[PDB]
Each structure stands twice: as structure tokens, then as C-alpha cells.
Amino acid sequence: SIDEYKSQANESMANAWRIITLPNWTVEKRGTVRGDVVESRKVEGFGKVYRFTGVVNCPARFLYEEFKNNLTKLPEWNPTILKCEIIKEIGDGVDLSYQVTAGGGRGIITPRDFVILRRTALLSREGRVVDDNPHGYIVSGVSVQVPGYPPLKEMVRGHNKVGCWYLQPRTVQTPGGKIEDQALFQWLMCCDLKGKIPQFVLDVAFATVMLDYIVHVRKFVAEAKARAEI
């Protein structure tokens, strides 16, 4: 039934918004760009969740549209994304997707495929879905079993317990006096790694996988600004 999936995605978006806005994180790794940090925390009945925080020089809305509507275009500008299909679109910004990723953590996170149920909504500062003027833009994700899209014997089927892109609009003033649209880019990740790989190893790998990803996001943004798309 469709509604079993609609409920799973709304529940997943709320879990993600609530988690990503929780206080008191543990800094795992810092990034090259001032402000970039991958933090972590223990979350009841999830485990050790991870969060990248960083500032992106583009309207939050624009990044939101790219994730929502151009998911299949991700492999073109992000080499860590091998494949991106939209399996089904099921209403209220909800959809199923099949994603294939490449290796990370210099050999720890092997190439994995994913069956993702997403929720796409504009959230208020209270976490209610609004139609305009939002505190942030959410693109949630959670792994689901979809018949016809089973695990391949030749690839690890990864499991996203909870995740999201949480993008907050930020109009800043530049050194040259100009007023411009920017975005607070937050990324939640709770990927269960099958087997018993000791936690200190995973902390380095997940943090690396995240900091590596943001290099391409900024390349996508810089190019989009040059083609005056933003």
C-alpha cells in the first residue's frame, strides 16, 4: 500500500529534522573551508549519527530544487554517485529512488547500492511543513524494501536508518558591500555498516566520505553561478 510508504517518509522526515536540530554534538573532523565540521552523537534507537555543517555560496532554494527534481543528474557533477534513478513518485513531495555510490574512507565504505524513500518539504522553525517562507528545506531519506529492486549478489545493499539534507536560507553581506544569497548546508547520515568494523575506523571513514562530497557540491555551485543560473 502507498500509505505505508507515505507514513514511513513523514515519520522519517520528522526523525531527521528532530535529530539534525538536537543540541550537543561531538566534533569528529574539521574541514578545509572555515566552518566545515563533521560532528556525531548517540541518538536513542538509531546509534551514532553523523552531521556535516558548512556554508554554501548559493540560494538554499536552488540546492533544494537540484536534490528534489534533478536527483538523476547527481552522477554528472558528483563522481561519488554512480547511479541515480527515480523508481516512483508517490505524492506530497514523497518518492522512491535507487542510488549507487562509490568507495570511501580510503577503502572502508565499499561501493554500495540503496533503496531510498524520500520526503521533500519546506519546514518552519517549529518543524511543520509550510508552503512558503521557511526556516529550512528538507530532503529526508530512509532505506526501504521494494519488490523488483532486490540486493545484488555483486554489491552491498547499504542501509540508511535516517538521513537528510537540511538547507537554511542565509542572505549575507560580502566584503565588497554586495547582498547575496547563501545557504547553511547540513547533512545527516546514519548508515549502518554491515559487520563488525570497530567504531574508530567508521568515524574517520564517514567523516571523510562527507568532506569529500562537499568539494563537488561547491564545484556544482561555482559553475552554476558562472552560467548566471544563480
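One rule holds for the numbers: they count along the sequence shown, beginning at 1.
The question of which stretch, 131-139 or 114-122, has the higher mean Cα B factor is settled in favour of 131-139. For the pair 158-166 and 37-45, the mean Cα B-factor is higher in 37-45. The top Cα temperature factor in the record, among 57, 171, 70, 32, falls on 32. When the CA B factors of the chain's modelled residues are split into thirds, the value for residue 96 lands in the lowest one. Among all modelled residues in its chain, residue 178 ranks in the middle third by Cα B-factor. Sort the modelled residues of the chain by CA B factor and residue 63 lands in the lowest third.
Residue-level temperature factors show residue 90 in the lowest third of its chain, judged at the C-alpha atom. Residue 12: CA B factor in the lowest third of modelled residues in this chain (values from the PDB entry).
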